[PDB]
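Protein chains in written order, with PDB author numbering: chain H, 3 to 97, 115 to 341; chain B, 1 to 432; chain F, 1 to 119; chain D, 1 to 432; chain E, 1 to 432.
Cβ atoms here follow ideal geometry from the backbone N, Cα and C, with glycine treated the same way.
Written below as structure tokens is the structure these notes are about.
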Amino acid sequence: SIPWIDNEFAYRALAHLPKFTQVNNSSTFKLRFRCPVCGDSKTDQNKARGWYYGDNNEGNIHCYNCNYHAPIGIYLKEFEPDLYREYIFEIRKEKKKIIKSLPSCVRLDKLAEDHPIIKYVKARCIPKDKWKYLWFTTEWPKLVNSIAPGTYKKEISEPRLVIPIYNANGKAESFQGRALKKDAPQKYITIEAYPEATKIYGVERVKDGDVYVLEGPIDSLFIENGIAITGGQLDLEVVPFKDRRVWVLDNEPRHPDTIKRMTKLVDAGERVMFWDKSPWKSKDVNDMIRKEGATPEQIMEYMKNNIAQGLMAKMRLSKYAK
Amino acid sequence: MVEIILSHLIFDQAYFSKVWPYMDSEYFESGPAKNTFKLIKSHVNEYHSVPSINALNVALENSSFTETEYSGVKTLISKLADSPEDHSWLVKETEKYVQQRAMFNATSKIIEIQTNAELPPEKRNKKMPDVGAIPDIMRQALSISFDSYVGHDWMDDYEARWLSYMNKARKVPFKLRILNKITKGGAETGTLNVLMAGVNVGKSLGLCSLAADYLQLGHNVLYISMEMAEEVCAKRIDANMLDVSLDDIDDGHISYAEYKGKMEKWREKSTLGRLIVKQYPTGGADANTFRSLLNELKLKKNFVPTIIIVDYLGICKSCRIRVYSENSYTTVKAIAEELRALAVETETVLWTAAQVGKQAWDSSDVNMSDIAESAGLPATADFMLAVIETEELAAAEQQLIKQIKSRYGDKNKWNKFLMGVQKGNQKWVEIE
Amino acid sequence: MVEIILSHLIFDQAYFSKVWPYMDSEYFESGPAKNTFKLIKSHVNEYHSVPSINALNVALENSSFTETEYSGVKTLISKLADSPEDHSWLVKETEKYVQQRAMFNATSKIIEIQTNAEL
Amino acid sequence: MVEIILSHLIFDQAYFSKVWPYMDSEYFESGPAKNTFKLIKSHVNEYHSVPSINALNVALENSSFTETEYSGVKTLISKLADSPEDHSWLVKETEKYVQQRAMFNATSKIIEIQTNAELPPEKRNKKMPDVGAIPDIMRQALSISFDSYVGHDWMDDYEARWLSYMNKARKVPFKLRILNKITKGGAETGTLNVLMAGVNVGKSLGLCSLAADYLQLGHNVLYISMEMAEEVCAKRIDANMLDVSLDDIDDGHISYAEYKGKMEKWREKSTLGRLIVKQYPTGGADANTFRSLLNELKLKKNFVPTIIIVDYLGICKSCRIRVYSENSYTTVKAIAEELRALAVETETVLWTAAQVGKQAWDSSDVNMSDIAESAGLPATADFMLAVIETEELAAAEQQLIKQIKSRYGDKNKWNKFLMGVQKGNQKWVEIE
Amino acid sequence: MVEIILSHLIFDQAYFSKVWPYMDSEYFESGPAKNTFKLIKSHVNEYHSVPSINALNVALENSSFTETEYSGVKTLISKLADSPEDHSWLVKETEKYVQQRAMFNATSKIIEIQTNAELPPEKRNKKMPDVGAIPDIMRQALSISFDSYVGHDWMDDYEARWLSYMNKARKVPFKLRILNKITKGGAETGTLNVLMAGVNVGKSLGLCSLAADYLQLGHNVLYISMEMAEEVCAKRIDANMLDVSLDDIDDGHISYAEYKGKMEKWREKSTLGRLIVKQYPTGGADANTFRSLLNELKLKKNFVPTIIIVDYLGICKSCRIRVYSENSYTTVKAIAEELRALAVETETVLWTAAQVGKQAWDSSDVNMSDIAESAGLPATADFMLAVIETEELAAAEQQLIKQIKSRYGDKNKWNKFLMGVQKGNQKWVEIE
DNA sequence: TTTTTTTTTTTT
DNA sequence: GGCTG
Ligand SMILES: Nc1ncnc2c1ncn2[C@@H]1O[C@H](COP(=O)(O)OP(=O)(O)OP(O)(O)=S)[C@@H](O)[C@H]1O
Ligand SMILES: Nc1ncnc2c1ncn2[C@@H]1O[C@H](COP(=O)(O)OP(=O)(O)OP(O)(O)=S)[C@@H](O)[C@H]1O
Ligand SMILES: Nc1ncnc2c1ncn2[C@@H]1O[C@H](COP(=O)(O)OP(=O)(O)OP(O)(O)=S)[C@@H](O)[C@H]1O
Ligand SMILES: Nc1ncnc2c1ncn2[C@@H]1O[C@H](COP(=O)(O)OP(=O)(O)OP(O)(O)=S)[C@@H](O)[C@H]1O
Ligand SMILES: [Mg+2]
Ligand SMILES: [Mg+2]
Ligand SMILES: [Mg+2]
């Protein structure tokens, strides 16, 4: 199939659909739109559950509301025949911004001990020395609009934990907001300054030895040589230290997405970490420390012993899957 | 002009009776018009009458449609209104629109066909026609006019029938007068003709002789051989046409000079056709294979045969049947039906061969109940012949033909005529 | 040593005559290596001869590959070269590599079998 | 009260003995309760004993459901604990809960069937039952009362058995004396009787004669014709009852006055039932169709038949097997079994016709092995009679009826007798 | 389930006597579980008995462990209780646990072998085996089933075998001397016995005769009807026992006084057993239904049947295979296997009928190949007799019984013997 | 890949 | 604020 002509043609077809957004990362092409078949959600007028994925072999449209799933060619044949004509004809035709300052953000180590966010991060049991890698704000939409304007229409004051991300050079290129309130648009709001920014927290703090890669930036604070991808593309390539990285995810043996990521990592021949002999039962290392009384150096003891690679990693995954 | 077409379908009896039988859902669009026409077609199928606005927007529109489709159909139905237009201009404009849409659909279909065939196998979307049948689709799209041609009326079409009679535009005469006096002018175009001889009795000497006669009569002949190579069949044809014994071409009693001289003497004659011999492995060619061969010959060599001679009907395979059957009755009957369908589709006289039963071996007479492979083959054949040269006719270089089934005439008129075989030259000569 | 195996399949004849009937697509990683071997195998099946670099670049362009796969295959084809070595170490090294790959595939298959059984 | 039910399934041997045989997986929930019961049922099927808490935990750890389901099952198992209770309150409450859940599932399935049948065809999600079996499903929702009937005891229950011998309401007498003699009082309700004759020997003349004889004996007869029109069967019945030949009706030798007089004379007689003839297209009626016909006859026409007649079972459609899926044997056996089930359900004498094989045609004797479409039909039929006609018998206006399967008596006695079929009047007469 | 295994090792001697033979430190874990098992093994080695909790704790105090391992072992030892679970489930679960842990260890071992093989010869360890040891390593981990019984020895156990020769408790006499003669003492418990014949020959007659004969011997007989009603079969049993007739029951020749007198006289007999007749719809029952029926019968009444008669295996429905999932050779054999398993579980003599194909419905003899359903039924069967009736036999009222499959005795010693079948009384009479 | 019914056909 | 096969 021809992917780029599908991306070009799909865009115009889905451009007519309302709530049209171009979810284009550095390596994928997706289009978000309201589904034209069902009108998406009747109750929520602002939901766009129709999606187009063009990064595969064939660009396919999938609706998460009415379970419509089709190729772009069938979509064009059924709904846009004038666009469908040229689409099938054209087949024969071819065949950086750096965060220099953080306004209204105060670092946690220079804050007073009676601050309510200090009580929360003490309840999260972060060690004190990591407190100079964390900021706090009350004007998070104002801060984001100071960095990337236009994403927040109204700058209502929201207290959020600032999580600046530095490169190997140590320059801040993105920042993540942890939601202090239980009610929020998102638990982790990642904001980039330029679209090719690194999404791996704390790359500047990597020393010699094995590099442990986790899922949470707060989870990496207990870990020596602990960095954390903030979702995004989850690209192993964009992740450095490929010869010596350690792939640590959250402890969830019955969760299908976690074992899907484990299978993707172990089929790539990577060094994946396994919780199959863990004395603790919590989902993440921070939850293990907070709820099961675990101290960090026991955890530094367990993982190093159970580091796995290749075939003996696969058999472990086989027993950790269920 | 979809709106006008729909409006005058709803609000005009004459226009409806004129244009409805030629209407198809693949002409309007991929939106509201197609859905409205689907509603109208469903109503007409269910009740045999043109729906009204109430039937469209109440009895039919309340169906399984999305919001956008529902809104489009509602707008289109509300927009329908009767307009005074002449019922000669409406029909002509509708015919032009239908022809344009048929051409557009054919162009899109052939584009897809080319795109699919460009892809490598295992993803080639089977049941989709090959690139060879692009022109036939376009030709079909061209002839999409609104003319009533359903069958052959007896009283309304006697002029064309008389033209066919006087022209005799179905007969292909033989070179043998004996085979012309029993067929009343030779074999017909869309027919399946069969020879039954036995084992090493004929059954390919006869087919080669018929091919040679048709070649001398200017016809294009296609010899599809399943049991013999192309070279041996061509050698039999050379023995027939060059008046040289089949052994002489093997031992070496014929020089290259006289061979080339005879070939060039035949070439200079304007009354000589083209004979093309194609071999297939025994049991590995069906009617679809023959159609592919015909298309390849037409495209590459510009060869459209008028005579197709299959060396053996019983060692082919059935295109319709997918799992091989140990029952020879059904398989051979299916093969014969497919071959006759190919013959009537291509308007080519199709000759083939059939094996007789062991009981008929060394039997002075062979009845139709001596057919070996299947009893359905004699039912589908238009003309069968039996070769019964047992022992004495061989000493006299004779072969007796019985005429077991004759659809060109009465088989009881000239049942036996004692053909003059010559096995060295591989030919039939009369006893006039 | 997948790159060496491909290079001496393309640029060498005795090595090709000795090792080709035993090579299989499952012996190569799912990256550029397997796709390049697929192109080579398809060319050999279609023309009964070892393809050249131009043939494979033509086969790559006439292929249904994604951008990442296309880039990887093109880079691997560019990296191929005829390094002069001995036709007694190459054959044994290729045999060792094929045996190791077969053992790896068998281990993965039995792990999958054991995972399937417990369901 | 699912927790109590599970807890007393675990910690009560007496409770498990009565409730278990009836407990089913569709009576608890779509979450933790169903998963826990599936664990318990798997353990019971694997070890034939009630699992303990440790066994349930072990099975839970060796399970593949997700984290939410695992946590729910773990909490439910941890909450299970025996309580001081009494067998009666628990059995009655469990019966109420099971009945309520059965009713809820039945009404949910009824709504699903209604919302599925109201869909355009080819998109109706086949394998879903049609609306016709909407009430029957509800009838299954009411037949759940923890009171399964163990069976009939020979010595304990013999007064009730003896009050079934002089009742004789099961047997429906014929009108011919020979048929009553061989069947020892006539056919019985809830049976399947069959006529085997061949092609154009009888076998619908006999059915019409039986229908007329039953109609004269104050019976409600439902003739169902799968291969003939409602007026042809009614014409046969008219010829039988009015003693007027079919030729006379065709040739107009009977006047309207005589026809009216005979019909009114029959009407004024008290000893006469009602005959209703219904026609279905071949292969377009089954047991469910006949039950729907019975319901609409009872409601609309207040007609309750006892002598339901089906012209040919082989021409009917199975209500369980998809068409042309299984061979003739399985399909015909299933059709006959379903017809017998219908007959026992409505307590009617069911009469049918069956073809014989091609080898039995024009033969002086017809054996049971000559049955055409299935060998299971004789096995699933209460009585069968073979109709045999030869040239000598035809010249004598007689037919030989052979008792092939006689379940009401000994077939060896009176195996072959000669009926006096009169083909003009469509009537069977005796020779005694 | 390491905690359960350790608890039942310490606190259960029966569990320790079947699992300790097959137990290793590698099977459990690398943490507290392995240390606890090592303590148990050390204590049992030093002192040949199962340790107690106090002794285990004293040994743990004596033994040396690091702080973490000491705490883990103390916590694990604290968690040990009797918990009397089922023995069969416990041994099956521990066998599964041992097998899965052994497979995991073998996979890790072969992965380590492969990793060591790739190392240079200087770096590689000589203790690890070569790659050639991969297969057998994976095979010894697939032969760790829990089975200490090796079997008979024929020279070390001939006394026990001779004692087993004297155990004739499996035999059940027939009440017919010829059947006992040909079965060497009657049928045996837990066996599938079949009585096959054609359609309308007396299969159910023979089944009811066997039921009556077993009833008169004091056995408990469970008759499961699949076609006839409960009262109809009980009528045949009454005709056999009271010995009057079948027609006389329906013709009123029996005065209630006589019926009551005969029933009470049979009640007075102390040699009479109990008979329960259960009817099921065609294609709606199997051992799964039969086991629930058995449990309900045992609960409701003191009835544990020694003889179980199934009206027909074919009419029965398989447990796992659906109604029409597979062909006859499979589901019929599956039903036969399920019935034999039910019989061997209940230790009861199982009788059933079988149909014969049309090829032997009118033949003087019937062979084993003439089985209408799957030929796997004459593989699971044990005493498959056959009933053959002809015109000469029916004249003398003497059905012929041919010994078709005789597992108890010699099939050919008395191959064909005549019976004295009385069809009116539904009784088999021996001939002397 | 076997298994079983029924039919139709054909070959020996 | 994303999520398919
Ligand atoms: N090279 C030859 N030279 C002379 N006579 C030949 C030669 N080849 C075949 N014949 C004769 O031609 C007859 C053989 O018939 P053919 O035309 O070859 O077809 P066929 O052999 O009958 O078909 P089958 O299926 O192979 S038996 C016999 O009379 C042979 O004697
Ligand atoms: N209209 C008629 N007038 C006189 N005789 C008739 C008429 N229709 C039928 N018969 C006779 O009745 C005989 C049997 O009739 P049917 O009952 O229709 O036979 P049949 O077995 O039911 O036909 P099939 O093959 O089962 S549908 C025929 O052989 C005729 O001799
Ligand atoms: N009411 C009856 N009176 C006298 N004899 C009868 C009666 N019912 C059946 N028979 C005889 O019983 C014989 C066979 O009996 P059945 O039990 O019906 O044989 P069967 O068909 O193999 O058993 P089924 O099909 O399970 S009822 C018939 O041939 C009749 O002679
Ligand atoms: N107790 C016995 N006394 C005498 N002969 C016997 C005895 N048991 C079996 N036989 C005979 O031994 C023959 C062979 O029996 P088997 O050894 O069981 O053959 P088989 O093939 O194993 O039978 P299966 O397993 O049921 S298919 C039978 O046909 C009987 O004639
Ligand atoms: Mg030939
Ligand atoms: Mg009829
Ligand atoms: Mg029977």
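Determine, using beta carbons only, whether residue i comes closer than 9 Å to chain E.
i: D:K18; result: yes
Between residue i and residue j, what straight-line distance do the alpha-carbon atoms span, to the nearest angstrom?
i: B:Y312; j: D:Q114; result: 59 Å
i: D:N415; j: E:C208; result: 25 Å
i: D:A353; j: D:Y158; result: 37 Å
i: E:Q216; j: E:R267; result: 11 Å
i: D:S245; j: D:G424; result: 5 Å
i: B:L222; j: H:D286; result: 58 Å
i: E:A375; j: E:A197; result: 15 Å
i: D:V277; j: D:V344; result: 21 Å
i: E:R161; j: E:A187; result: 21 Å
i: B:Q426; j: B:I309; result: 16 Å
i: B:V304; j: B:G218; result: 13 Å
Is there a Cβ from chain H that is less than 9 Å from the Cβ of residue i?
i: B:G283; result: no
i: B:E3; result: no
i: B:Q140; result: no
i: B:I137; result: no
i: F:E26; result: no
i: E:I111; result: yes
i: B:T36; result: no
Would you kindly check if the distance between the Cβ of residue j and the Cβ of residue i is under 9 Å?
i: D:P21; j: E:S292; result: yes
i: H:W154; j: H:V125; result: yes
With a cut-off of 9 Å, does the C-beta of residue i fall near any C-beta of chain B?
i: H:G52; result: no
i: H:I90; result: yes
Does any C-beta atom of chain F lie closer than 9 Å to the C-beta of residue i?
i: E:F104; result: yes
i: H:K261; result: no
Any heavy atom of ligand 2 nearer than 5 Å to the CB - residues listed: D:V199, D:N200, D:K203, D:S204, D:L205, D:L246 and D:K423
Check your reading: residues with Cβ closer than 7 Å to ligand 4 heavy atoms: E:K184, E:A379, E:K405, E:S406, E:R407, E:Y408, E:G409, E:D410, E:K411 and E:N412
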